[PDB]
Each structure stands twice: as C-alpha cells, then as structure tokens.
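A.B. asks: One structure follows; several queries about it will come next.
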There are 4 protein chains.
Amino acid sequence: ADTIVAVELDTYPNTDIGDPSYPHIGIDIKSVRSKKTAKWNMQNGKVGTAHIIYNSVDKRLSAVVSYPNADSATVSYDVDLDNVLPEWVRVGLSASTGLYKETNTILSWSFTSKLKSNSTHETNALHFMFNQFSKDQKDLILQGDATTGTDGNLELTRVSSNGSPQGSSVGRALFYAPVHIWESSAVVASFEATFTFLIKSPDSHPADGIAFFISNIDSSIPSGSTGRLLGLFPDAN
Amino acid sequence: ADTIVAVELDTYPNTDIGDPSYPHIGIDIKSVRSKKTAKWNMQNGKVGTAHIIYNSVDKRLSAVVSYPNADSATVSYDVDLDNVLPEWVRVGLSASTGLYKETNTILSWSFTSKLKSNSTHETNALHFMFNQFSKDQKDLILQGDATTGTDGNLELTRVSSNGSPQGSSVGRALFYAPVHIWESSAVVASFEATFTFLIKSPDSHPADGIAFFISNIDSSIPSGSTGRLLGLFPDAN
Amino acid sequence: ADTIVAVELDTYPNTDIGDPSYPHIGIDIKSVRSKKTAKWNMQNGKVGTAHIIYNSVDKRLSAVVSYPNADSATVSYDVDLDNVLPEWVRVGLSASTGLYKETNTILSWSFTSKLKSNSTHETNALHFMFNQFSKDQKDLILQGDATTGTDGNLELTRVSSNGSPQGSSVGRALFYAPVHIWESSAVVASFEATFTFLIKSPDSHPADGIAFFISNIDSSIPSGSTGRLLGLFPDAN
Amino acid sequence: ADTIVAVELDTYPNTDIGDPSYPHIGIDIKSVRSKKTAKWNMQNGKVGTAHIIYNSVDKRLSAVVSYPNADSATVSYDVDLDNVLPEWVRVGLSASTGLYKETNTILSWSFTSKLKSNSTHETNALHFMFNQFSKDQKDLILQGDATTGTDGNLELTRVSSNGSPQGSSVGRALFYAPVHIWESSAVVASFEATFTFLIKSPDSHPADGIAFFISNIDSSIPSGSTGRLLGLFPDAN
Ligand SMILES: CO[C@H]1O[C@H](CO)[C@@H](O)[C@H](O)[C@@H]1O
Ligand SMILES: CO[C@H]1O[C@H](CO)[C@@H](O)[C@H](O)[C@@H]1O
Ligand SMILES: [Ca+2]
Ligand SMILES: [Ca+2]
Ligand SMILES: [Ca+2]
Ligand SMILES: [Ca+2]
Ligand SMILES: [Mn+2]
Ligand SMILES: [Mn+2]
Ligand SMILES: [Mn+2]
Ligand SMILES: [Mn+2]
C-alpha cells in the first residue's frame, strides 16, 4: 500500500468512522481517521484558502484554512515526518464525492520545499506556483476524474458541462517531480503549501472534501476510494 | 526603554546572572536572562550557521546553530510575539566583548518575512540577502563599533588592522526598513533568518557572543552594554 | 535637482511637449520628454498590470502594460543605468492630475533586485511585495497627496470621500530602504517591478498618469509638478 | 530529431566546423555552429560561474560567464523562443570529451521560470536550486556517463576513481519536470539559469566543453555525439 500524510478539508461528517459531527479540517497520518481535527465553518460557494506548514526543527505539521472576513480554522500536530515518509515523495491534491457532491475546484496552488545540509549556505530548494492551469499541463500528473482547462482552473472531481458536480467521483493532481522531503544529514528541512479552492454544493449536504497530501512517489488512487475515503485510503481503518 | 526579543549565541558563561556554565544558545524575551537555553559546542575559528524561525500559527520561536559535520544545537520556546513586540520593528545582529574577546564576524545574513491578511492570496513579503557587505552599506544602520568592508564581511565588534579582536567592544547592524512583524487581522505571519558567522578567539576564553534580535524601530545601544549584556540590555535584570 | 529614470503610463497627450497624440507608455531618462514611447490603449475603469524589467548584461529597460484579454503595450530602450543613476537609489510610484483628472489607485506592487558580485554564489538581493496597504505603512515614504487605507489600496492622488478624483493633485510612494541598483564590481545586476493599477476617470479625458521611477535617495516632489509633469520633473525640458 | 537551444562553454576550438580559434562561449540554435560567440579566457582548475537569462519582451538570450577577480565573457543574441521550441521543454546541462579531455564538474545549478498570463497577478513559476547532489537524485534524469555523489557534485563526463578525466565521454543531466517555457496567451515569460562549474584538464588542451540547454521533453543523447558535438547534436551541420 501507499504511505499517506494529509490535511483534509472534510465537508461531510462520517461519524461512524470517527469524523466529528460537522465540517472539519484534520491531519491524517496513514489513516482517514484524523489524528486531530478542528471545527471548520465551511462556506458554500465562497473561495477559500488553505496554508500548510512544517519544519524539521519543531516537527510540527500545521494547517490554517480561511475565508475573507471570517474566522479561520487551525489545526496542528506533532509528528516527525522522518519516521513516517520515505526520503522522496510526491505532493498533490485530492478530492471526492459520494452520494452527496460538491465542486472541488482549485484556483491556485503553490509549494516550497527546502533542505539545509551539513555545509555553508548549502540549501536545496524546490518551488512551484500555479495560478492558471492549462489544458495540457505536463508538469502535473492527473489521476481519476481530475481535469484542467475549464476557466484555467483545476477540477479535482467531475463536473458536467453546465457546471454541476457529479456524485461518486474521485480525482487527484500530483506535481510531476519527486520532492526530497527529508534527509539523514539535514540540518533543517521545511515545506510550505498554499491553495485556494471553491467548494460549491447545489444539492443537500456538501461532500466529500479536498485534501493536500504527501505520498510515496508511485502512489495512485485506491480502488473504491470515492466518498468518505477522499481518494487517499483503501479502507476506513 | 527598548523591547527586545533575541536569540543569543552566548560564548561566555556568566553564571552570576543565570548563564549555564558553558557556551550556549538562548532565547531572550526582554531580558538577558534567557527564558530557555541549550548547550552549544562552539568551535573556535570555524564558520558556523544560525537559523531562526517563527510562525503565528504555532507561536513558537526556534533556532538551530551548527558547524559543518558536527552536532547542531537547537532551542525552542512558545511565545506569542503579538503580546511582546510592537506591530512594526527593526531586525538586526548584535555582538560584544568584555574582559575577554573574540571576533564577531558576519559573512552573510538573510531574512524573510510574510504577512497573509484576510483576503485571497493577499500576502505582503519582505526579503533581503547579504552575502557581501560593502564599505558604504546604505541599507544597514550600523551602531557602536560595527563596520563593513574588511573582506566584504561585517565586523560587529572592533578588530585591529592585524586582525585581532578588541575587548570592551559593542556593535550592531539593523536593516534599514521597518518590518511589519504582525497585524491584528493577519491569518498567518512568519519570518525566517539566517546568518553565517566566524567567532575567533586568540586569548583565554571567547566572549561575549552574537545575537539576532528584533526590537522597536528606534532602538539603539544601551550605555555600558558591553560584555555580558551583548549590546542589547541596559542591565542584567 | 534629482536624477530620475521612469516608465510612465501617460494618459493625457501633451503634444506641445512631445507626447504622441494618444495615451502611451514611455521611458523617461531625466526628462518628461520620453526617449521612446508606445501607443497604449488605456481602458477607463479596468484594473491593469505593469511589468518593468532590466539587467546589466543587456543594458535594456523594458516595460509591458496590459489588461485581461486585451493587447498589451510594450516599450524598450537601451540604457546603461550605471551611467545615469547613482549607485544607491530609492524606487517608487508617482501620479498626478491637472485640469482633467482620474483615480491613480495602486492595488499591489512588488520589486526585486539582485547584485551578483565577483565571487562564488555571492548574490545580494532585495524583495518586497505589497498586496495590502495599511493605514500606517511605515516602510513606505508617502509624499504629496498619497495615502493608504481606503480598501487597503494606495491612492497616489487625492480622492474625495464619495470616491471621485480631484484635479491639480500630485502624490508619490517610495520604498523606505535605499536600493543598491549597481556596483562597479558587479557581474550581473537586475531588477524587476510589477504593480496593478486602477485608473478611473469620471470627467472628460483621463489625466495625467502614473509612473514607476528610480531616483536619488533624497528625492522629493518638485514644486508645481502637478499635471503633465507627473510629480517627477521641475519643468518640461 | 530533437530541437535544441543552448549556451556552450566551448573549451576546444574545432575551427573545422566554425569554432573561433580559441575557448569561447556561444549561443546554439539547433546547430553546433553557434549563431554568435565571444572569446572566453577559460581558466584551468578554477571554479567558474555561468548566468543565462531571457525574457519574451526583449526576446534576447544572454549569457555571462566569469571567474572571481577576472574579466567576464558575455554574449547575447536576439531570438524569439516561441518560433523555435515547443511550448513544453526540459532544461539540462551537457558535456563531453573527445581525444582531449577535462573534468566537467557541476557544483551547483539553479533555474527560475515565470509565465504571466492574461489576468490579475496570475503568474505561474517554477524554481529549483541544487547546491548538493546526492547519490540517488530522483529529480534529475541522468543520461550517458553523468553521475552524482562524488563530493556531492555532479560529474557530467566520466572521471576515474583517482580523479582524472576520461576521453570519449558524454553526459547530461535534465530536470525531471517539464517546463512551460512559453504560451500563446502570455504577457511575459522569462527564465534565469545559473551554475558553477570546475573544468580541470591534466593533459594537453582541455576539451570539449559544457553546455546549458533547453530541448523537447523526450530528448536523449545523439549517437556518437561525443567530442565536438557536446552531447547535443547528431552532426556538425
Ligand atoms: C570578567 O567580567 C568581565 O568580562 C566578562 C567576559 O568578557 C563580561 O561578560 C563581563 O561583563 C565583564 O566585562
Ligand atoms: C581531434 O579530434 C577529436 O578530438 C577533439 C577534441 O577532443 C574533438 O572535438 C573531436 O570531435 C574528436 O573527437
Ligand atoms: Ca468525511
Ligand atoms: Ca554570557
Ligand atoms: Ca501627458
Ligand atoms: Ca569546439
Ligand atoms: Mn474527516
Ligand atoms: Mn547567556
Ligand atoms: Mn508622455
Ligand atoms: Mn564552439
């Protein structure tokens, strides 16, 4: 199986599997059952922003999600990524819908990674910023129903030509190049991620959510991982 | 008086005011009596690196100092800078010598600051990087005995033409422009600082140390702040 | 007098001093009589973008102004800034109105400067990005009628509370810290500037324009430099 | 065949095919016969730096190579990359040796790319910086004799364990992710590349050289492209 570390923007409460009984953001370490969550007052139809940060000194993964003029939800968790992820990984965005749906539109996404090694100003860095997604985005690996082009945005889950979301959908987008997330002889390693999203739900409740994730290089969507599994996990264990 | 927050690379143990009995790095919040320290195996004559980081989500100030192929000293401390520093500040480097001395040479210094406000991708940033210091460095405010030019380096404390350090010296270098370190309506604020130094001590023990600090805009060297006071504090309270 | 190098977004044709007979962008070297201009199809009421670039290898100052889905105006000019500007300067934005007016609103502004000196990876850099202007913006020097705060934007020229522009107005905003624009022993020096603006003209013709400029550190608005002079030049020579 | 645009640091004069009769840097557009060259006083055994720049406004490709305290060679050439390369490409470094040899060691390599599209602050960027090359560098595609690890450096051509260069060698290193070098609806596109190298020649004359290149995504070393062809071209046409 794959190794996943993720920050979920969970819109649908699947209390049977651990979700609190309200929209929330959480930190998932190899399991859809978040190690820690925070209430999130999701706003249907409004553009929002997520900020994820981490550094090997504090060994603390934190995320902040917010909407213009509104309280922001925050969540942090102590975790040493050296003990969880392989040295090389791929970063990406994932979303899904089940019985209930929503649009999982990504307007922009940026990522920065730095590795300071045992030497004088010897830093390795990787940075990419997407504000516009073209039809043939060769530096993105699209999996499942994810597509680009429609208004220059990234649609993680399927959306009909009229613009309405589809249920039972799952999509992901990973940056093409592998990222060196940590190293034995690293003095300091850190990364920062940001993305703006538009979750619009016409029907009853919105579902199922969007997630920023880090995984093994050769990761792919687990079968039947639509709905509650957010296109990240094979089961709800 | 001034408001100081500093990370000190203390080379001389003044146990009579709280210093551990050995070279150490510490975090000073308005007092030379560190709120927290960590043992530092300073290496006479070798070039070292310091990394200081902070973000408003974790409200945790951390620092890492190291030398090539050698264990690195680390220290962290929970502190909300909103409650301690004014909204606008100046950032700088400080050093001193007392009865015993050392060179407090700075080979490079970089700083990055970011403020994410309540809006879509509305970030304000400031970044500067010095690898070479010229004789007439107009974007630096030099105080006390600090000078630039000698090999394109920054000498915080006085050094004779032959190259030997002087005792009873105090110097500082602050970036010219004020930095917006935090704001009431900020979603995320963070800064990162790095500098490489060369502490060389000919005589007995090395003293007194170097420090990265943040202060009120109009800060200047307190009288008699040579020695143990590191050019930052008026007294040892 | 001051030494000015500027890229003007000239909205009012002052043909008797050399302006082409239509809105244009031009490059001014110590004179409001542009060394080179390009027709600019200015769009009243719409937000636009300006990009200014320069590097010491090509010794070529270029600018591009554009609006979403619209042709963009471009202008370039060969000029070695070493022979025109002092080694240290300040960068800023300037605007004015005369008999006719317009709003000269700045929504964001970023600047990057790099100096590569005679050494291994010895680069000095300066970077700032403003997307939000606060009421007490301490890192900006405001001159004339320039103010910040109204929607978090920068108003270069006077605007009444109801939102209508005033005539006979002149304003400027300069970054606080001096910028090292070039150095005798520099291998490569370069800068890049970007700002989005909103020029709205209720009355007859729009006037007078906005400009990005580089000047001697102690520059201030020349008396009577409203109107055609764009708050940059003492006269029309 | 492949589409190549390259800046060559040519150490061996193959006057038979157009080379000036001395070391030189040149700009190659789909042919080893440089469209333009500049004399280069290459220095055996010393670490040097190369800076390549380009922007779609001036449509000018420039390069600067230099050594500490020494004159630097410069070369520029007007060329619209839109008319020569695919929209998507890969960037890399190439080197070779023939009868005569040299080490083609890369100490560091950084690259920055930006695409400003028809919208408000809608920039796409890619940036990577290598100062240390590890044994298993997964984000680099190594072709031919290129290897990493030896002192954390990148050896483009073969080097015996004792440290001496081999003749008849060819190697390349390309960044893993495709780069979006230009787009029909782009307001401004630009890139910047930098790398420090160490060319050491024990024998007679040094040969054959190093080159920074941009090519179609699926590019590979042309057969028999050792020596004068710098691992870039199939023949000397
Ligand atoms: C012996 O005490 C003196 O010297 C030490 C070391 O230099 C300083 O810390 C102190 O303030 C005094 O000046
Ligand atoms: C003498 O000719 C050979 O050597 C030179 C220099 O090494 C190469 O340029 C050439 O292609 C051949 O291999
Ligand atoms: Ca759920
Ligand atoms: Ca002490
Ligand atoms: Ca005019
Ligand atoms: Ca040759
Ligand atoms: Mn959940
Ligand atoms: Mn101490
Ligand atoms: Mn004009
Ligand atoms: Mn050649």
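Ordering of the structure tokens sets the chain letters (A, B, ...); residue numbers start at 1 within each chain; ligands are numbered from 1 in the order shown.
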Show me, as a Markdown table, the residues of chain A having an atom within 7 Å of chain B, each with the closest atom pair and its distance in Å, using only C-alpha atoms.

C.D. replies:
| residue | atom | partner | partner_atom | distance |
| --- | --- | --- | --- | --- |
| A:68 | CA | B:119 | CA | 4.8 |
| A:69 | CA | B:118 | CA | 5.8 |
| A:118 | CA | B:68 | CA | 5.0 |
| A:119 | CA | B:68 | CA | 4.9 |

A.B. asks: Within 7 Å of ligand 2 (counting only C-alpha atoms and all ligand atoms), which residues show up? I'd like them as a count of residues only.

C.D. replies: 14

A.B. asks: Under the rule that only C-alpha atoms are counted, which of B:215, B:77, B:83, B:16 is the nearest residue to residue 36 of chain B?

C.D. replies: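 The answer is B:77, which sits nearest to residue 36 of chain B.
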
A.B. asks: Identify, with DSSP run on backbone atoms, the residues in segment 43-149 of chain D assigned to strand (DSSP E), and express the list as a CSV table (one decimal) with N, CA and C atoms, in the first residue's frame.

C.D. replies:
chain,number,residue,atom,x,y,z
D,47,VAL,N,37.1,27.3,-10.3
D,47,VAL,CA,35.7,27.3,-10.3
D,47,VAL,C,35.1,28.5,-11.0
D,48,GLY,N,34.2,28.3,-11.9
D,48,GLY,CA,33.6,29.5,-12.6
D,48,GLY,C,32.1,29.5,-12.5
D,49,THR,N,31.5,30.6,-12.9
D,49,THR,CA,30.0,30.7,-12.9
D,49,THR,C,29.4,31.2,-14.2
D,50,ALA,N,28.2,30.6,-14.5
D,50,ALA,CA,27.5,31.0,-15.8
D,50,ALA,C,26.1,31.5,-15.4
D,51,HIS,N,25.7,32.6,-16.1
D,51,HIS,CA,24.4,33.1,-15.9
D,51,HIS,C,23.7,33.2,-17.2
D,52,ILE,N,22.6,32.6,-17.4
D,52,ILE,CA,21.9,32.7,-18.7
D,52,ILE,C,20.5,33.4,-18.3
D,53,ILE,N,20.1,34.3,-19.2
D,53,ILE,CA,18.8,35.0,-18.9
D,53,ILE,C,18.0,35.2,-20.2
D,54,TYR,N,16.7,35.4,-20.1
D,54,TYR,CA,15.9,35.6,-21.2
D,54,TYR,C,14.5,36.0,-20.8
D,55,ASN,N,13.9,36.9,-21.6
D,55,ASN,CA,12.5,37.3,-21.4
D,55,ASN,C,11.9,37.5,-22.7
D,60,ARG,N,15.6,38.3,-26.1
D,60,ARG,CA,17.0,38.3,-26.2
D,60,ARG,C,17.6,37.3,-25.2
D,61,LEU,N,18.4,36.3,-25.7
D,61,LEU,CA,19.0,35.3,-24.9
D,61,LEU,C,20.5,35.8,-24.6
D,62,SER,N,20.8,36.0,-23.3
D,62,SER,CA,22.1,36.5,-22.9
D,62,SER,C,22.8,35.5,-21.9
D,63,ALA,N,24.1,35.5,-21.9
D,63,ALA,CA,24.9,34.7,-21.0
D,63,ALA,C,26.1,35.4,-20.6
D,64,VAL,N,26.5,35.1,-19.4
D,64,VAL,CA,27.7,35.7,-18.8
D,64,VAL,C,28.4,34.6,-18.0
D,65,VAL,N,29.7,34.5,-18.3
D,65,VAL,CA,30.5,33.5,-17.6
D,65,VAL,C,31.6,34.3,-17.0
D,66,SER,N,32.0,33.9,-15.8
D,66,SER,CA,33.1,34.5,-15.1
D,66,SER,C,33.8,33.8,-14.0
D,73,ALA,N,33.2,36.9,-19.7
D,73,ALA,CA,32.8,36.9,-21.1
D,73,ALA,C,31.3,37.0,-21.2
D,74,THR,N,30.8,37.8,-22.2
D,74,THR,CA,29.4,38.0,-22.4
D,74,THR,C,29.0,37.8,-23.8
D,75,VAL,N,27.8,37.3,-24.0
D,75,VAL,CA,27.3,37.0,-25.4
D,75,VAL,C,25.7,37.1,-25.3
D,76,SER,N,25.2,37.8,-26.4
D,76,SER,CA,23.7,37.9,-26.5
D,76,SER,C,23.3,37.6,-27.9
D,77,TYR,N,22.0,37.3,-28.0
D,77,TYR,CA,21.5,37.0,-29.3
D,77,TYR,C,20.0,37.2,-29.4
D,78,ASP,N,19.5,37.9,-30.4
D,78,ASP,CA,18.1,38.1,-30.5
D,78,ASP,C,17.4,36.8,-31.0
D,88,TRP,N,6.3,23.2,-24.3
D,88,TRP,CA,6.9,22.5,-23.1
D,88,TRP,C,8.2,21.9,-23.5
D,89,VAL,N,9.2,22.0,-22.6
D,89,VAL,CA,10.5,21.5,-22.8
D,89,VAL,C,11.1,21.0,-21.5
D,90,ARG,N,12.4,20.6,-21.6
D,90,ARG,CA,13.1,20.1,-20.4
D,90,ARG,C,14.4,20.9,-20.5
D,91,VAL,N,15.0,21.3,-19.3
D,91,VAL,CA,16.2,22.0,-19.3
D,91,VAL,C,17.3,21.1,-18.7
D,92,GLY,N,18.5,21.3,-19.1
D,92,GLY,CA,19.5,20.5,-18.6
D,92,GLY,C,20.9,21.0,-18.9
D,93,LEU,N,21.9,20.2,-18.4
D,93,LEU,CA,23.3,20.5,-18.6
D,93,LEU,C,24.0,19.3,-19.3
D,94,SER,N,24.9,19.7,-20.3
D,94,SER,CA,25.5,18.6,-21.1
D,94,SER,C,27.0,18.9,-21.2
D,95,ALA,N,27.8,17.8,-21.3
D,95,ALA,CA,29.3,18.0,-21.5
D,95,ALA,C,29.8,16.8,-22.3
D,96,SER,N,31.1,16.9,-22.7
D,96,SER,CA,31.7,15.8,-23.4
D,96,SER,C,33.2,16.0,-23.5
D,105,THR,N,32.8,19.1,-14.0
D,105,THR,CA,32.1,19.1,-12.7
D,105,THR,C,31.2,20.3,-12.4
D,106,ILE,N,30.0,19.9,-12.0
D,106,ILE,CA,29.0,20.9,-11.7
D,106,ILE,C,28.8,21.0,-10.2
D,107,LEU,N,29.1,22.1,-9.6
D,107,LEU,CA,29.0,22.3,-8.1
D,107,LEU,C,27.6,22.8,-7.7
D,108,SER,N,26.9,23.5,-8.6
D,108,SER,CA,25.5,23.9,-8.2
D,108,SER,C,24.8,24.3,-9.5
D,109,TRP,N,23.5,24.3,-9.4
D,109,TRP,CA,22.7,24.7,-10.6
D,109,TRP,C,21.3,25.1,-10.1
D,110,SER,N,20.9,26.3,-10.5
D,110,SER,CA,19.6,26.8,-10.2
D,110,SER,C,18.9,27.3,-11.4
D,111,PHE,N,17.5,27.3,-11.4
D,111,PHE,CA,16.8,27.7,-12.6
D,111,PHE,C,15.4,28.3,-12.1
D,112,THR,N,15.0,29.4,-12.8
D,112,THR,CA,13.8,30.0,-12.4
D,112,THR,C,13.0,30.3,-13.7
D,113,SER,N,11.7,30.0,-13.7
D,113,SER,CA,10.9,30.2,-14.9
D,113,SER,C,9.6,30.9,-14.4
D,114,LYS,N,9.1,31.9,-15.2
D,114,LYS,CA,7.8,32.5,-14.9
D,114,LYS,C,7.0,32.8,-16.1
D,115,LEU,N,5.7,32.6,-16.0
D,115,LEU,CA,4.8,32.9,-17.1
D,115,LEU,C,3.6,33.7,-16.5
D,116,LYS,N,3.5,35.0,-17.1
D,116,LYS,CA,2.5,35.9,-16.6
D,116,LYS,C,1.4,35.7,-17.7
D,117,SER,N,0.2,35.3,-17.4
D,117,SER,CA,-0.9,35.2,-18.4
D,117,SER,C,-1.8,36.3,-18.3
D,123,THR,N,0.5,34.7,-12.2
D,123,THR,CA,1.8,34.1,-12.6
D,123,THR,C,2.0,32.7,-12.2
D,124,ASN,N,2.7,31.9,-13.1
D,124,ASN,CA,3.0,30.6,-12.9
D,124,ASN,C,4.5,30.6,-12.8
D,125,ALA,N,5.1,29.9,-11.8
D,125,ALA,CA,6.5,29.9,-11.6
D,125,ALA,C,7.0,28.5,-11.3
D,126,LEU,N,8.3,28.3,-11.6
D,126,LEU,CA,9.0,27.1,-11.3
D,126,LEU,C,10.4,27.5,-10.9
D,127,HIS,N,10.8,26.9,-9.8
D,127,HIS,CA,12.2,27.2,-9.3
D,127,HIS,C,12.8,26.0,-8.6
D,128,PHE,N,14.0,25.8,-8.9
D,128,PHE,CA,14.8,24.7,-8.3
D,128,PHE,C,16.2,25.2,-8.1
D,129,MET,N,16.8,24.7,-7.0
D,129,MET,CA,18.2,25.0,-6.7
D,129,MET,C,18.9,23.8,-6.2
D,130,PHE,N,20.0,23.5,-6.8
D,130,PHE,CA,20.8,22.3,-6.4
D,130,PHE,C,22.2,22.9,-6.0
D,140,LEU,N,16.4,14.4,-11.0
D,140,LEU,CA,17.3,14.6,-12.2
D,140,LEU,C,17.3,13.4,-13.0
D,141,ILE,N,17.3,13.6,-14.3
D,141,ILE,CA,17.3,12.5,-15.3
D,141,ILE,C,18.7,12.5,-15.8
D,142,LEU,N,19.5,11.4,-15.4
D,142,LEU,CA,20.9,11.3,-15.9
D,142,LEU,C,21.0,10.5,-17.1
D,143,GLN,N,21.7,11.0,-18.1
D,143,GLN,CA,21.9,10.3,-19.4
D,143,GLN,C,23.4,10.2,-19.7
D,144,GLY,N,23.8,9.1,-20.4
D,144,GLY,CA,25.2,8.9,-20.7
D,144,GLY,C,26.0,8.6,-19.5
D,147,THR,N,27.0,11.2,-13.5
D,147,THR,CA,26.8,10.7,-12.2
D,147,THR,C,26.8,11.7,-11.1
D,148,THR,N,26.3,11.4,-9.9
D,148,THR,CA,26.2,12.3,-8.8
D,148,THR,C,26.8,11.6,-7.6

A.B. asks: What does the list of residues within 8 Å of ligand 9 look like if you count only C-alpha atoms and all ligand atoms, written as a PyMOL selection string?

C.D. replies: chain C and resi 8-14+18-20+23-26+32-34+37+228

A.B. asks: Just to be explicit: take each residue in the selection above, keep N, CA, C and O atoms, and write the result as a compact mmCIF listing (two decimals), in the first residue's frame.

C.D. replies:
# COMPACT_ATOMS: atom_id res chain seq x y z
N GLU C 8 6.53 55.82 -17.68
CA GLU C 8 5.25 56.47 -17.47
C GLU C 8 4.11 55.81 -18.20
O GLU C 8 4.27 55.27 -19.30
N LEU C 9 2.95 55.86 -17.56
CA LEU C 9 1.72 55.37 -18.13
C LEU C 9 1.05 56.73 -18.28
O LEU C 9 0.39 57.22 -17.37
N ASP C 10 1.28 57.36 -19.43
CA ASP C 10 0.75 58.68 -19.71
C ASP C 10 -0.64 58.65 -20.32
O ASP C 10 -0.82 58.20 -21.46
N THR C 11 -1.64 59.13 -19.59
CA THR C 11 -3.00 59.10 -20.09
C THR C 11 -3.44 60.34 -20.86
O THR C 11 -4.42 60.29 -21.59
N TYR C 12 -2.73 61.45 -20.70
CA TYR C 12 -3.10 62.69 -21.36
C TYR C 12 -2.04 63.18 -22.33
O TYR C 12 -0.91 63.45 -21.93
N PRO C 13 -2.41 63.34 -23.62
CA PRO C 13 -1.47 63.80 -24.65
C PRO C 13 -1.11 65.28 -24.61
O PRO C 13 -1.89 66.14 -25.00
N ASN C 14 0.09 65.59 -24.13
CA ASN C 14 0.54 66.97 -24.10
C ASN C 14 1.46 67.11 -25.28
O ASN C 14 2.68 67.22 -25.13
N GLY C 18 5.92 67.14 -26.65
CA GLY C 18 6.40 65.89 -27.20
C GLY C 18 5.54 64.65 -27.12
O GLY C 18 5.84 63.66 -27.79
N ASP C 19 4.48 64.67 -26.32
CA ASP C 19 3.64 63.49 -26.23
C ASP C 19 3.03 63.13 -27.56
O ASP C 19 2.73 64.00 -28.37
N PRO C 20 2.87 61.84 -27.83
CA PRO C 20 2.26 61.45 -29.10
C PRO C 20 0.82 61.92 -28.86
O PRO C 20 0.49 62.30 -27.74
N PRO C 23 -2.95 58.14 -25.59
CA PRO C 23 -2.42 57.57 -24.35
C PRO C 23 -1.23 56.73 -24.74
O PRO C 23 -1.24 56.07 -25.77
N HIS C 24 -0.19 56.74 -23.90
CA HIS C 24 1.01 55.99 -24.23
C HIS C 24 1.84 55.64 -23.01
O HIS C 24 1.64 56.18 -21.93
N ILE C 25 2.77 54.72 -23.18
CA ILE C 25 3.68 54.37 -22.11
C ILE C 25 5.03 54.80 -22.67
O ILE C 25 5.28 54.68 -23.87
N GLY C 26 5.88 55.34 -21.81
CA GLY C 26 7.17 55.79 -22.28
C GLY C 26 8.26 55.63 -21.25
O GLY C 26 7.99 55.37 -20.09
N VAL C 32 10.78 64.65 -18.90
CA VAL C 32 9.42 64.22 -19.15
C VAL C 32 9.23 63.96 -20.65
O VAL C 32 8.23 63.37 -21.05
N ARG C 33 10.17 64.41 -21.46
CA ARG C 33 10.11 64.16 -22.90
C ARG C 33 10.73 62.78 -23.13
O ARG C 33 11.93 62.66 -23.34
N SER C 34 9.88 61.75 -23.08
CA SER C 34 10.26 60.36 -23.24
C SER C 34 11.25 60.09 -24.36
O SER C 34 11.10 60.61 -25.45
N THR C 37 8.39 55.99 -26.84
CA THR C 37 7.03 55.73 -26.41
C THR C 37 6.38 54.62 -27.23
O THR C 37 6.95 54.14 -28.21
N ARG C 228 0.96 67.58 -16.37
CA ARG C 228 1.90 66.99 -17.34
C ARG C 228 3.24 66.52 -16.77
O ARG C 228 3.88 65.65 -17.36

A.B. asks: Please identify all polymer residues within 10 Å of residue 159 of chain B, counting only C-alpha atoms, omitting same-chain residues fewer than 4 positions from it, and present them as a VMD selection string.

C.D. replies: chain B and resid 102 to 105 145 to 147 150 155 163 to 167 169

A.B. asks: With C-alpha atoms retained, export the selected residues as a compact mmCIF listing (two decimals), in the first residue's frame.

C.D. replies:
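again-v4.txt, written as the output of this step:
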# COMPACT_ATOMS: atom_id res chain seq x y z
CA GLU B 102 36.68 37.23 20.11
CA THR B 103 35.92 38.32 16.57
CA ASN B 104 32.21 38.59 15.79
CA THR B 105 32.42 38.38 12.02
CA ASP B 145 31.79 49.56 16.67
CA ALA B 146 30.18 47.75 13.75
CA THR B 147 31.89 48.22 10.36
CA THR B 150 37.13 44.19 5.58
CA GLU B 155 32.56 43.11 11.86
CA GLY B 163 43.10 41.17 12.61
CA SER B 164 42.98 40.65 16.39
CA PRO B 165 39.76 41.32 18.38
CA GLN B 166 39.47 44.07 20.99
CA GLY B 167 37.92 43.79 24.41
CA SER B 169 33.57 46.42 22.35

A.B. asks: Separation of atom CA of residue 176 of chain A and atom CA of residue 59 of chain A, in Å?

C.D. replies: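 Going from atom CA of residue 176 of chain A over to atom CA of residue 59 of chain A, I get 25.9 Å.
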
A.B. asks: What does the distance between atom CA of residue 131 of chain B and atom CA of residue 180 of chain B come to in Å, to one decimal place?

C.D. replies: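 These atoms are spaced 23.5 Å apart.
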
A.B. asks: Rounded to one decimal, what separation in Å do you get between atom CA of residue 84 of chain D and atom CA of residue 175 of chain D?

C.D. replies: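 So the two atoms, atom CA of residue 84 of chain D and atom CA of residue 175 of chain D, lie 20.2 Å apart.
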
A.B. asks: Could you give me, as a short mmCIF file (atom, residue, chain, number, x, y, z; two decimals) with C-alpha atoms, in the first residue's frame, the residues within 10 Å of residue 151 of chain D, counting only C-alpha atoms and dropping anything in the same chain fewer than 5 positions from it?

C.D. replies:
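This went into out_32.cif:
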data_model
loop_
_atom_site.label_atom_id
_atom_site.label_comp_id
_atom_site.auth_asym_id
_atom_site.auth_seq_id
_atom_site.Cartn_x
_atom_site.Cartn_y
_atom_site.Cartn_z
CA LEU D 107 28.97 22.31 -8.14
CA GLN D 132 24.36 19.43 -3.23
CA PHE D 133 23.80 16.42 -5.49
CA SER D 134 23.04 13.15 -3.69
CA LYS D 135 23.75 9.60 -4.86
#
